[PDB]
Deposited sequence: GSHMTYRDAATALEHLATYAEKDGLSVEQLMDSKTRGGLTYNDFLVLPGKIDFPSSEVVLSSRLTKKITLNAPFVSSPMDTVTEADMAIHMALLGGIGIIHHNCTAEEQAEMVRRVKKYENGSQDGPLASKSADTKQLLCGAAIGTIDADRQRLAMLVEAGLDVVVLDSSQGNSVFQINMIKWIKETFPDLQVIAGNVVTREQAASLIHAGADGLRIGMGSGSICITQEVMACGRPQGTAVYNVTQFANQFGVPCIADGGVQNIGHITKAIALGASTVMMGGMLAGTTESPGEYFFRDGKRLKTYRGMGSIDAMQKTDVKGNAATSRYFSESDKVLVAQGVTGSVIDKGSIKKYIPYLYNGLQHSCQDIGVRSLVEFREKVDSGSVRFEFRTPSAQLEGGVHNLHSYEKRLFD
């Protein structure tokens, strides 16, 4: 009559595929269309370890790795020296905004770099990022930032795939060889190809014209990750769920803007000194539930079709 319980693990082989969808099946522009994080769930797996064991090391750029995938956005309502210092102490990084004079921006970088476990350090000084535009003036700005000790620059554009930005990337790589460059914003595979070819060390993802973020992250990273170019998901995550899903779909780090506005160190959500640990633990538990011991493993399992997904009805 009924099947033997002892055969339950073996009986999974009478099925053509694993329960749920692979990421490739989920992210089908032809059938499901463009997806946001709220449009799907990640299915749980097997828990064989405590969440405390989960490693969250994350590539920010080709040469920079953080102990956590959290990056503060270059918004004048979010990141200044205070934010950048405290994000780095907590294992992420801060991208200092450029709605300020070049001198003011360099002094903020200098404050971070002069500041004295999970901590993001270069020099042994705290890591610092900063945003610039691709206007002629930003060349002088960048030179000042580099003089102040900048580790990574983010080129700040709604539409990054431009001759202006490509030229800026090429100039930076030639002029400041030790500086890591994150280009963007991009939402398509073609945009990604163009800026990778130009010499980008990382990409920033998000945008009549635009693209649903989940679909953007998947299609850009599916291409970029083949070139070892890590991507930042910058679509305005609001919670641990959004962060887990951004990474699931291919992002290496996640940019936090509105999420961090209102915290103590922003220029009330309280202190980042509590909030980032809360997110860090939340992401450890997400990985635990999914059955992966690191974000590197998480990426590998998803790309192999081991991690499964389900599309959600409205």
Item to check | Deposited-sequence stretches lacking C-alpha coordinates, listed in sequence order | outcome: 1-4, 121-126, 133-134, 220-231, 292-346, 394-413
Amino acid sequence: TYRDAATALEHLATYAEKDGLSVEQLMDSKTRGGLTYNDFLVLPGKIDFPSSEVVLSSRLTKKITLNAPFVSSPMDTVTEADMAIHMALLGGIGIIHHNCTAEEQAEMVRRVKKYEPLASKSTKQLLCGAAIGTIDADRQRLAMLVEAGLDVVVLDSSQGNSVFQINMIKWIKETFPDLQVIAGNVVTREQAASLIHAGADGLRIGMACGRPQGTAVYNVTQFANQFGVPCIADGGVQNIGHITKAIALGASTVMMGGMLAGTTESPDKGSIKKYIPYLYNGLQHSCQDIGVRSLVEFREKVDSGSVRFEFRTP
From here on, numbers count along this sequence of modelled residues.
Checklist entry - Do at least a third of the other compared PDB entries leave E265 without coordinates? => result no
Next on the checklist: Please determine whether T31 lacks coordinates in at least a third of the other PDB entries of this protein that model its flanking residues.
Outcome noted: yes
Next on the checklist: If you take the mean CA temperature factor per stretch, which one wins between 196-204 and 144-152?
Outcome noted: 144-152
Checklist entry - Between 221-229 and 73-81, which has the higher average C-alpha B-factor in the PDB entry? => result 73-81
Next on the checklist: Looking at the C-alpha B-factor values in the deposited entry, which of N161, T134, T215, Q125 comes out highest?
Outcome noted: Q125
Next on the checklist: Highest Cα temperature factor in the entry, among the options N38, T253, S52, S286: which one is it?
Outcome noted: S52
Item to check | Chain thirds of CA B-factor: placement of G184 | outcome: lowest
Checklist outcome for this item: In terms of its chain's C-alpha B-factors, the third that includes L21 is the lowest
Checklist entry - Lowest, middle or highest third of the chain for the C-alpha temperature factor of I47? => result middle
Item to check | Chain-wide C-alpha B factor ranking for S306, given as lowest, middle or highest third | outcome: lowest
Checklist entry - Considering only modelled residues of the same chain, in which third does the CA B-factor of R110 rank: lowest, middle or highest? => result highest
